[PDB]
């Protein structure tokens, strides 16, 4: 049903049921927008300055999520991407850069939504 909803989720370490380090840097619940058969997720990233790339799987490939807003003062931003089956794991990729702590990596993670959770 068309509209905007809260949706809880967890970020999981690649190919596991373990909570990813990344989970610390996203806000749950996300906002799910349902619009004529399609589902979009708007998700807030914390420590935005550090997260230099964020991609999700779509059409067999990986695509940069759209940045729909940034809050420079809070150092957060909101990315938006499409989801299909809210009960299935969604593959994602993230690139992290922290110059001062010489931390420069990219990773694969899965996102797992839980439509039933409040």
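Numbering follows the first chain given and starts at 1.
For the segment pair 73-81 and 31-39, the entry gives 31-39 the higher mean B-factor, averaged over Cα atoms. Higher mean CA B-factor, judged across 89-97 and 55-63 from the recorded values: 55-63.
Ranked by Cα temperature factor within the chain, residue 16 sits in the middle third according to the deposited record. In this PDB entry, residue 102 carries a Cα temperature factor that places it within the highest third of its chain's modelled residues.
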